[PDB]
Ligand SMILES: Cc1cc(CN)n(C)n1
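One chain comes next, on its own, written out as structure tokens in the form solved without the named molecule.
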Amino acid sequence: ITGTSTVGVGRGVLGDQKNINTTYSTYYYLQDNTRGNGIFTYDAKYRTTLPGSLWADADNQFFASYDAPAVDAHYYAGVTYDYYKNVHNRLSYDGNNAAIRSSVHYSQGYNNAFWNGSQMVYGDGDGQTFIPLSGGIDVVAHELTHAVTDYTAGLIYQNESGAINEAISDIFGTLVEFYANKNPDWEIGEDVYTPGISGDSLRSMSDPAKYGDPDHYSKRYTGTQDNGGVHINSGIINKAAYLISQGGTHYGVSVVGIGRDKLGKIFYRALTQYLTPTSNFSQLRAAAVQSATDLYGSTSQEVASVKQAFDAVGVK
């Protein structure tokens, strides 16, 4: 909408108060004019028609329980934008300040979220398996990272290319969670998953096997479900990324950790300069080794640790 940039206040899904950038024209809309061509948040109103209505509020205060998912989708889209701009000099998901659009209250009791090619979409969950999924900063950043991948590598969403696509979204979702520095970890979706159970999540990058996902190539899923295992085989790559950052000994192979910033630089370089739509795990190792070589030198610790981590997960 055309209007005046304003700043509202509300509470997110987990009851945290935060300020949000809004636009005033009769109503206050969830439209942040301060980031690129805008961040826009919509109400799907329990239906599956997208995007739905640009979120409008009478008084610029967003404290209703119904508001909470909208507050978080809008706020965390902004944090993710900040991460890509400040850390990688990338302006929105296309690198050209594309408007970022999110819809909440998608369907009834919908236990998922997704990038649909155009925008991010968040279910409210059924209150048992999930609370509203925009409450998870790693979730929001995972989904917006699919947009980044769409505009860069374009990894096809099936088999090994799809598992890489999935891992890239887990890696940057997690790096954004660390950037924001609120209860960061190497797990995915812990903030919104199972409000009745402490300490669980959808996936673990540090120990994928904790939730039944492979941590070595020898254990890859070869079946047809989940598009050839894209959320399962991502464990292999996530494990490699965790090792490059944090280090450790995995199946008797030792990796010296080089830290999250360098992990981020190496995978962002691989994503934007070397990976293709059909890149497999072997080609990802090559891309990451070449990216570390470009940044640090063929004989650097960084290159060595990338090699070590891929060796540890059985990827040559």
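The first residue of the shown sequence is 1; numbering continues from there.
Keep in mind the form solved in complex with the named molecule is missing from the figure; the text below concerns it.
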**Message:** Against the named molecule in the deposited bound form, would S198 count as a contact residue? Criterion: heavy atoms within 4.5 Å.
**Reply:** no
**Request:** Decide whether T222 counts as a contact residue for the named molecule in the deposited bound form under a heavy atom distance cut-off of 4.5 Å.
**Result:** yes
**Message:** Can you tell me if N233 lies within 4.5 angstroms of the named molecule in the deposited bound form, counting non-hydrogen atoms only?
**Reply:** yes
**Fill in**
Across 152-167, the residues having a non-hydrogen atom within 4.5 Å of the named molecule in the deposited bound form turn out to be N159, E160
